[PDB]
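Inspection log for the structure reproduced underneath, given as structure tokens.
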Protein chains: 2
Amino acid sequence: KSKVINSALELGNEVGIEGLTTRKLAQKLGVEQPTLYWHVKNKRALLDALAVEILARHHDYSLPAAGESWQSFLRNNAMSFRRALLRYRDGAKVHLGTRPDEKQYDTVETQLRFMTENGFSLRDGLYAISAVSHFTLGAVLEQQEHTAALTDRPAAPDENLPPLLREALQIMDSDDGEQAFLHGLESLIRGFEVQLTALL
Amino acid sequence: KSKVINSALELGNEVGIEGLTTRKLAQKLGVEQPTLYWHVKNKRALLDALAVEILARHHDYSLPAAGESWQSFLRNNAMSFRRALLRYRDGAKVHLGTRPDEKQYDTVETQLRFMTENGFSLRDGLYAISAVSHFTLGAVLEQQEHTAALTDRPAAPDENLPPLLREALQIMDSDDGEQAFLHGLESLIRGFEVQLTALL
Ligand SMILES: Cc1c2c(c(O)c3c(O)cccc13)C(=O)[C@]1(O)C(=O)C(C(N)=O)=C(O)[C@@H](N(C)C)[C@@H]1C2
Ligand SMILES: Cc1c2c(c(O)c3c(O)cccc13)C(=O)[C@]1(O)C(=O)C(C(N)=O)=C(O)[C@@H](N(C)C)[C@@H]1C2
Ligand SMILES: [Mg+2]
Ligand SMILES: [Mg+2]
Ligand SMILES: [Mg+2]
Ligand SMILES: [Mg+2]
């Protein structure tokens, strides 16, 4: 199962999530398709394993530092999650709809516990963490897909742009989406603060 | 171009975004593939058109009501966007990375103008709108992909779950993701309020 992930990751960056086929993986592994099907129950199982391995390799801020604020942790954790998702073609797509793996239980429990220790209810701490995750996934996928489309997509017409949209597009072309992402992350954290403060 | 979208939408729900192929669309249209290629420059152009049409058909809260607060508008707009994305298989996937179409310019300009009239800078109003969009896309895609995986994905092991994760999973299995979504939306709006308030 170790080398299979490594080959599948290499294949996935070369052909994308859609092109990560049984035929093509079995070819890369040097084996008959029936053998690949035997040990890897299906594509969804493979994708699940890739989602875990991508965070294992590249998500380096999964735990709070000693004495770190929850605000700081959420920000650093989100930036790390983003960096991990961006490392591979369709990395964010691979993650979508997964649930924590057994190897991640201690990590995600620590995050949940950290929120409750800071005074969030489990439900609200979960919803905050979920909001950060969903926002980050959406921001990453929009960025990755926009970049991927540049080749196929006609230069969009500017002769009839209204003023604010015209300015907005200029702002968005000024970087890769990172500024927007950091601003949204801060909006979320400011929101969680308001909410937490009221309840306590 | 009208009937093509209609057939492609019907095909897309039956075979997904990946299965929306030239071969298969040309077959559904009753035409040779070279004819389909002629008028539809490529798949990305088709997907772009589908993204516009899906909102045209089902996104019914694109404009603020007379006298409506920006907080209320963002919430109602987000709920509507979600409802539209959820209507079709891979609707959220179709949207990813698109930019406003000429037919949408007046609509998105109105939204941007509404934020600036309420005291947001154009940049901050844009980043707020972008945050709502990214969060909604991420929440929808996670929900849709989780549901789609239920068939292929083994019943995940519960014998070694830690307490907070165990409770979190029970909370998440209690609905389809809507409660989490509404909570995250409120966190975002509370955050934007804090930010706007400080600046003014
Ligand atoms: C707590 C939790 C998390 C995630 C998650 O999917 C999830 C779930 O599906 C059900 C119940 C709880 C969770 C994350 O994916 C994950 O990305 C993650 O696995 C994770 C991780 N493994 O380190 C994180 O850093 C978290 N962060 C991005 C908010 C978040 C934590
Ligand atoms: C303003 C804006 C929007 C969107 C968008 O993609 C975008 C962009 O890519 C660049 C610059 C501005 C925008 C939306 O997709 C869209 O979904 C949308 O098209 C849209 C719409 N057409 O009605 C919306 O309702 C908006 N809402 C979900 C926040 C948002 C507005
Ligand atoms: Mg792709
Ligand atoms: Mg996850
Ligand atoms: Mg699918
Ligand atoms: Mg958009």
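Taking a label point 7 Å from Cα toward Cβ, how far is A:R87 from its twins in the other copies, in nm, shortest first?
Those label-point separations list as 4.0 nm.
Tell me the GluC sites (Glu not before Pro) within the range A:1-63 that lie in a loop according to DSSP and have at most 14 other beta-carbon atoms within 10 Å.
On the way: sites: A:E10, A:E14, A:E18, A:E32, A:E53; in loops: A:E32.
In loop regions of the range A:1-63 (DSSP not H, G, I, E or B), the sparsely surrounded GluC sites (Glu not before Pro) are A:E32.
Suppose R0 equals 51 Å. What FRET efficiency, 1/(1 + (r/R0)^6) with r the Cβ-Cβ distance, do B:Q27 and A:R166 give to the nearest 0.05?
Approximately 0.80, to the nearest 0.05.
Taking the Cβ of each residue in B:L47, A:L150 as the centre, tally the other Cβ atoms inside 10 Å and list the residues starting with the fewest.
Working: B:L47 24, A:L150 10.
If I rank by nearby Cβ atoms, fewest first, I get A:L150, B:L47.
Write down the radius of gyration of chain A and its Dmax, each obtained from C-alpha positions, in Å.
Rg then Dmax for chain A, in Å: 20.0, 61.
Choose one answer from A:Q111, A:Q170, A:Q179: the residue with the largest mean-square fluctuation in a GNM of chain A with alpha-carbon springs under 10 Å.
Greatest mean-square fluctuation among the candidates belongs to A:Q170.
Within a 10 angstrom radius of the beta carbon, how do B:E159, A:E178, B:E142 rank from fewest other beta carbons to most? Provide the component values of the computation, followed by the final result.
Values: B:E159 5, A:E178 12, B:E142 23.
Ranked by crowding around the Cβ, least crowded first: B:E159, A:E178, B:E142.
From the C-alpha coordinates alone, can you work out the Kirkwood hydrodynamic radius of the protein assembly as shown, in Å? Intermediate results must be reported in sequence, preceding the final value.
On the way: mean 1/r = 0.0446 Å⁻¹.
For the protein assembly as shown, inverting the mean 1/r across all distinct Cα pairs yields 22.4 Å.
Using Cα positions and a limit of under 26 Å, work out the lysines in reach of B:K24, with same-chain residues fewer than 8 apart set aside.
A:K24, A:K43, A:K93, B:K1, B:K3, B:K41, B:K43, B:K93
Alpha carbon centre of the range B:139-186 versus the range A:30-65: separation in Å?
First find each Cα centre; the distance between them is then 20 Å.
Per the helix-only calculation at 222 nm, which mean residue ellipticity applies to chain A, given -39500 (n - 2.57) for every DSSP H run of n ≥ 4 and division by its residues, nearest 500 deg cm²/dmol?
Values: 10 runs with 146 residues, N = 200.
Per the formula, -24000 deg cm²/dmol.
Enumerate the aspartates and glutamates that B:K28 could reach by cross-link, defined here as Cα to Cα under 15 Å, with residues fewer than 8 away along the same chain left out.
Candidates past the 8-residue exclusion: B:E10, B:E14.
Of B:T197, A:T107, A:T98, how do they rank once you tally other Cβ atoms within 10 Å and put the fewest first? Please list the in-between numbers first.
Details: B:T197 9, A:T107 16, A:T98 20.
In order of increasing Cβ crowding within 10 Å: B:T197, A:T107, A:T98.
Would you work out the relative contact order for chain B, in percent, from Cα pairs under 8 angstrom that are 6 or more residues apart? If you can, show how the numbers build up before the last one.
Values: 134 pairs, mean separation 39.4, N = 200.
Over chain B, the number comes to 20 percent.
Taking K and R as +1 and D and E as -1, what net charge do the other residues with C-beta under 12 Å from the C-beta of B:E102 add up to? Walk me through the intermediate numbers first.
Working: positive: B:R99, B:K103; negative: A:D158, A:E159, B:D48, B:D101, B:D106, B:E109.
Around B:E102, the charge tally is -4.
Every read-out reported here was derived from the displayed coordinates using simple, explicitly stated rules and does not represent laboratory data. Positions of Cβ are generated from backbone atoms using ideal geometry, with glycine treated the same way; all protein chains shown enter the neighbour counts.
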